[PDB]
Structures are given as structure tokens and as C-alpha cells.
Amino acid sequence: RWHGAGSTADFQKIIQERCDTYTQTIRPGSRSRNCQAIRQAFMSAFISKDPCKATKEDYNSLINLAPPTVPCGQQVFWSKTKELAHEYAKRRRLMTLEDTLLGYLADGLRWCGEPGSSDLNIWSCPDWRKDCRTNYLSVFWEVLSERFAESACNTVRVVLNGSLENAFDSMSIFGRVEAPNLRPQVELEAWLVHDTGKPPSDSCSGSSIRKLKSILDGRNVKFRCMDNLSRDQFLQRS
């Protein structure tokens, strides 16, 4: 029926296996979490529901079992720079949304259900643009990101793309959901990083970054911006 690719095959085995791996081998030590119950709640959030009627409220319980909250001073946001941001985070022992329990579970997966069926639709899922924005995949990421930003604390960093005309996209999840919900009085450092072998098309002085400074002022978040750095200069030396 839908225009988007179907659900990841064996989605529920994957999220349970990743849950075991994460809670036991990647980030253990804190409180215990039951991975069976986390998988059950994840599945119950969307399974057998209208795939284009997802609400943020459908995920409150799942998120409550494992909020996406990162230790003070270790949190990293990104926008149009996913792989660079993850390399940077890994090197510096920081955490992106993909390094939280739920983000780790969901990273790179697709899922949707179908009314009157207990199973995932593995043939097609709603596309955000061609079908509906109110789909379980897109809504999960928006609500998880919101909670991610609300829990941020002390210094947080963001990696943005200085090779685009607008390194800050106000219609992005970083622009629309994360920056505007960022816990007040944290401090944000932005790095605008450009493709090796190309001059940067955006800077800290550009229009888009001015919009971001405006948002951060309203949250009483201090802002430091660095730019004109190649991926190599940025990584080799932030």
C-alpha cells in the first residue's frame, strides 16, 4: 500500500538482541532494565494501529522505560552530519542520540504495523513526504529527540555541515525539535565543518546560524560557534 520501504525483517529479534548487547556490553553499571519488556513496549506502541495516526503519546511508556539521557557534558547533537558526528563522538567518548539505549535499538531500522494484524508490515511503510508525517518511524525520532534535548545538561556540542548553504535548518529535527527544547542554562558549542577539498558555503556569521543564536538566547543557553574547518582539521583537532 505505502510508498516507503517495508519494515526491517525480524525487527523484534533485532531490538531485543541490541537491547541485550547495549545493557550488558555497551553501557552497563546503572540500574538494570528488562529488555524483554522494552521490546514488548516498543512493539505495543505501534503494532496493529493505523500507521498514519502515530502520536507522541503512543511512545511515552516506552521512553519512560529508558529515557534517552546522557551524562552531563557528554551530549552531542548533529544535523546533516550523522557519520562525522558519530566518529567525533566515538573518538572523544561522547554520546549522540544513537548512543542512548533507545536510539541504539532503533538506529537504521524501519517499522510499521497494520490495523488488525499483530505483525509488522514487511512489504511497505508510510513515507514521510508521500504518505503522512504522523507515522510511527518519524514520530519516534521526534519524540526521542525532544526528550534527548530536554535532559541535556552542562556543556553540549553540535556538529553542523558548513558545506550546505544553511548549516542550521530550522525545519530539521535539530532546528524544530532539539534546539527549541534544550534544557535552559546549558551551554552549546557548535562546529561547522566542511567537506575536504571544498570551500565552506556557510559560517557562524551566516543567516542560519543567527537564527540558532536567537533560539538559544530565548532558552538562556550560552552559544560558542566555531567554523571554517575541514572534517580532517575538525577531527584531528576540535
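So that there is no doubt, residue numbering starts at 1 and follows the sequence shown.
- Set 170-178 against 198-206 and average the Cα temperature factors; 198-206 ends up higher.
- The stretch with the higher mean CA B factor, choosing between 76-84 and 119-127, is 119-127.
- Which of 71, 113, 103, 108 has the largest Cα B-factor in the deposited entry comes down to 71.
- In the deposited entry, the Cα temperature factor of residue 133 sits in the middle third of values across the chain's modelled residues.
- Among the modelled residues of its chain, residue 39 has a C-alpha B-factor that falls in the lowest third, as given in the PDB entry.
- Among all modelled residues in its chain, residue 51 ranks in the middle third by Cα B-factor.
- Sorting the modelled residues of the chain by their CA temperature factor places residue 21 in the lowest third.
- Among all modelled residues in this chain, the alpha-carbon of residue 189 has a temperature factor (C-alpha) in the highest third.
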